[PDB]
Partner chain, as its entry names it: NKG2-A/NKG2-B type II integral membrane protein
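A lone chain, given as structure tokens: the form deposited without its partner chain.
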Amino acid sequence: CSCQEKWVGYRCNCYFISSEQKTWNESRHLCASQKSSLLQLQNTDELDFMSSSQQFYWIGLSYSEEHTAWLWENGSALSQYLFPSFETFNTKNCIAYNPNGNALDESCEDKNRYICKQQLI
């Protein structure tokens, strides 16, 4: 399950954990730019390794008034028991996440780091 240059492999998946801080719509595009996409958490334990990092990251979850629901990049709804805070998330924000499970919602125009992930050959 080999991956491209500065990409990290785990569970036969390729992840990209950026150093630069960008906008959620940018990163969104940078990942897309690389045939990958703004992280869709298949579960809280997707980043075992990064286990501690006390910093948040941008992820592919964003609200969507058209389906009155939070959605991942491919349009799957957000599981209600995934993130707990859930109900707090101010629909006008993006979702930032922390390897240790914690997750925030900050202006989609802030400047956090991003995480792309190539999932299927």
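Residue numbers count along the first chain shown, from 1.
Keep in mind the form solved in complex with its partner chain is missing from the figure; the text below concerns it.
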For this session: Spell out, yes or no, whether the shortest heavy atom distance between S33 and its partner chain in the entry with it bound is within 4.5 Å.
Result: no
For this session: Indicate whether its partner chain has at least one heavy atom within 4.5 Å of a heavy atom of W72 in the entry with it bound.
Result: no
Exercise. Would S52 count as a contact of its partner chain in the entry with it bound, using a 4.5 angstroms cut-off between non-hydrogen atoms?
Worked result: yes
Exercise. Contact between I17 and its partner chain in the entry with it bound at 4.5 Å, heavy atoms?
Worked result: yes
Exercise. Which one of these stretches, 43-51, 60-68, 78-86, 24-32, sits within 4.5 Å of its partner chain in the entry with it bound when only heavy atoms are counted?
Worked result: 43-51
